[PDB]
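Undergrad: Encoded as structure tokens, here's the structure I'll be asking about.
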Amino acid sequence: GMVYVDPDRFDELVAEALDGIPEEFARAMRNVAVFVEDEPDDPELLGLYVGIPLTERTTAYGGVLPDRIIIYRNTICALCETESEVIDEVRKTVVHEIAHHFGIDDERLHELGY
């Protein structure tokens, strides 16, 4: 089976996922924003790391813009039978995406609980 999660609720589940990211990844997640999309260009993806070019990194007014981790609501939900499973799956996806961005592989992550 699979659980349906409306967009507003899914945003809340994303917040809960981020709140539960282990402290060892907190600094790695500095100035990274998580955005939700329904469906990826590639059907296999649960998430995607988007690095912002240096040219686009700052604003007219001094603001720094964050890198993005995109989370795909449809592909995540298809794997989940409960909201808690969704939270877990979202968390796992964000942590993998950030780890891989900083060149940490899944064997190292297994040593870090993912």
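In the structure tokens, each chain is lettered A, B, ... as it comes, each chain's residues begin at 1, and ligands are numbered from 1 in order of appearance.
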Give me, as number ranges by chain, all polymer residues having an atom no more than 10 Å from residue 22 (chain A), counting only C-alpha atoms and skipping those fewer than 4 positions away in the same chain.

TA: A: 18, 26, 91, 95, 112-113

Undergrad: Quick one: residues within 8 Å of residue 93 (chain A), only C-alpha atoms counted, chain neighbours fewer than 2 positions away excluded, as a PDB file with C-alpha atoms, in the first residue's frame?

TA:
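Okay, part-v5.pdb is ready:
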```pdb
ATOM      1  CA  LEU A  46      13.486  10.574  -4.409  1.00  0.00           C
ATOM      2  CA  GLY A  47      15.632  13.682  -4.206  1.00  0.00           C
ATOM      3  CA  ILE A  71      12.367  16.115  -2.435  1.00  0.00           C
ATOM      4  CA  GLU A  89      12.191   8.365   3.998  1.00  0.00           C
ATOM      5  CA  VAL A  90      12.451  12.126   3.556  1.00  0.00           C
ATOM      6  CA  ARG A  91      15.089  12.317   6.323  1.00  0.00           C
ATOM      7  CA  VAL A  95      20.979  12.959   4.666  1.00  0.00           C
ATOM      8  CA  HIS A  96      22.115  10.911   1.656  1.00  0.00           C
ATOM      9  CA  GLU A  97      21.967  13.912  -0.620  1.00  0.00           C
TER      10      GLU A  97
END
```

Undergrad: Near residue 6 (chain A), counting only C-alpha atoms, which residues have an atom at most 12 Å away, once you skip same-chain residues fewer than 5 positions from it, shown as number ranges by chain?

TA: A: 11-13, 36-38, 73-74, 77, 83

Undergrad: Go ahead and save the picked residues with N, CA, C and O atoms, as a JSON list (two decimals), in the first residue's frame.

TA:
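Written output follows (selection_29.json):
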```json
[["chain", "number", "residue", "atom", "x", "y", "z"],
["A", 11, "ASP", "N", 4.73, 19.21, 3.48],
["A", 11, "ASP", "CA", 5.64, 20.24, 4.01],
["A", 11, "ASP", "C", 5.92, 20.10, 5.51],
["A", 11, "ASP", "O", 7.06, 20.23, 5.95],
["A", 12, "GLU", "N", 4.90, 19.78, 6.26],
["A", 12, "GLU", "CA", 5.02, 19.54, 7.69],
["A", 12, "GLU", "C", 5.85, 18.32, 8.01],
["A", 12, "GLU", "O", 6.65, 18.33, 8.94],
["A", 13, "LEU", "N", 5.64, 17.25, 7.24],
["A", 13, "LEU", "CA", 6.48, 16.04, 7.33],
["A", 13, "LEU", "C", 7.95, 16.33, 6.97],
["A", 13, "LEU", "O", 8.86, 15.82, 7.60],
["A", 36, "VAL", "N", 10.04, 20.94, -2.15],
["A", 36, "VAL", "CA", 9.29, 19.79, -2.55],
["A", 36, "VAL", "C", 8.70, 20.02, -3.96],
["A", 36, "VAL", "O", 8.17, 21.10, -4.29],
["A", 37, "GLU", "N", 8.83, 18.99, -4.78],
["A", 37, "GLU", "CA", 8.21, 18.90, -6.09],
["A", 37, "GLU", "C", 7.42, 17.62, -6.15],
["A", 37, "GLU", "O", 7.69, 16.69, -5.37],
["A", 38, "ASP", "N", 6.45, 17.53, -7.05],
["A", 38, "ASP", "CA", 5.62, 16.31, -7.05],
["A", 38, "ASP", "C", 6.36, 15.15, -7.72],
["A", 38, "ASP", "O", 6.41, 14.04, -7.20],
["A", 73, "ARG", "N", 7.64, 14.33, -3.88],
["A", 73, "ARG", "CA", 6.55, 13.84, -3.05],
["A", 73, "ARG", "C", 5.99, 12.52, -3.59],
["A", 73, "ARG", "O", 5.74, 11.58, -2.84],
["A", 74, "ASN", "N", 5.77, 12.45, -4.91],
["A", 74, "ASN", "CA", 5.13, 11.24, -5.46],
["A", 74, "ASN", "C", 5.98, 9.98, -5.23],
["A", 74, "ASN", "O", 5.45, 8.92, -4.82],
["A", 77, "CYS", "N", 6.23, 9.01, -1.50],
["A", 77, "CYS", "CA", 4.98, 8.47, -0.93],
["A", 77, "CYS", "C", 4.69, 7.07, -1.40],
["A", 77, "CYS", "O", 4.21, 6.26, -0.65],
["A", 83, "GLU", "N", 2.62, 8.14, 7.48],
["A", 83, "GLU", "CA", 3.28, 9.44, 7.63],
["A", 83, "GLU", "C", 4.65, 9.37, 8.30],
["A", 83, "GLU", "O", 5.60, 10.05, 7.85]]
```

Undergrad: Running DSSP on the backbone, which parts of chain A land in strand (DSSP E or B), as number ranges by chain?

TA: A: 32-37, 47-50, 58, 64, 67-72

Undergrad: Can you pull out every residue within 8 Å of residue 66 (chain A), counting only C-alpha atoms, but drop anything in the same chain fewer than 2 positions away, and send it as a PyMOL selection string?

TA: chain A and resi 31-33+52+57+64+68

Undergrad: Could you take the residues named above and write them with N, CA and C atoms, as a compact mmCIF listing (two decimals), in the first residue's frame?

TA:
```
# COMPACT_ATOMS: atom_id res chain seq x y z
N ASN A 31 22.92 26.43 5.26
CA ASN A 31 22.48 27.15 4.08
C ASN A 31 22.08 26.23 2.91
N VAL A 32 21.39 25.15 3.26
CA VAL A 32 20.73 24.27 2.33
C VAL A 32 19.25 24.31 2.65
N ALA A 33 18.46 24.52 1.61
CA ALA A 33 17.01 24.56 1.71
C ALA A 33 16.42 23.35 1.02
N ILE A 52 24.02 25.93 -6.30
CA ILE A 52 23.82 27.25 -6.91
C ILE A 52 25.15 27.79 -7.44
N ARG A 57 24.81 33.17 -6.26
CA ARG A 57 24.91 32.85 -4.83
C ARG A 57 24.44 34.01 -3.96
N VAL A 64 22.67 35.78 0.98
CA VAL A 64 23.26 34.57 0.41
C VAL A 64 22.10 33.65 0.17
N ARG A 68 19.98 23.84 -2.86
CA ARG A 68 18.65 23.24 -2.69
C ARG A 68 18.79 21.71 -2.67
```

Undergrad: May I ask which of the residues A:54, A:78, A:94, A:86 is the closest one to residue 39 (chain A), counting only C-alpha atoms?

TA: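 Nearest candidate to residue 39 (chain A) out of A:54, A:78, A:94, A:86: A:78.
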
Undergrad: Near residue 69 (chain A), counting only C-alpha atoms, which residues have an atom at most 6 Å away, once you skip same-chain residues fewer than 2 positions from it, shown as a list in words?

TA: residues 34, 48 and 49 of chain A

Undergrad: By how many Å are CA of residue 105 (chain A) and CA of residue 70 (chain A) apart?

TA: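 About the pair CA of residue 105 (chain A) and CA of residue 70 (chain A): they are 19.3 Å apart.
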
Undergrad: Quick one: pull the distance between CA of residue 104 (chain A) and CA of residue 40 (chain A), Å, one decimal.

TA: 23.6 Å

Undergrad: Just how far from CA of residue 10 (chain A) is CA of residue 84 (chain A), in Å to one decimal?

TA: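 Straight-line distance from CA of residue 84 (chain A) to CA of residue 10 (chain A) works out to 11.2 Å.
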
Undergrad: Could you find all residues in chain A that DSSP calls alpha helix (DSSP H) from the backbone, and write them as a count of residues only?

TA: 43
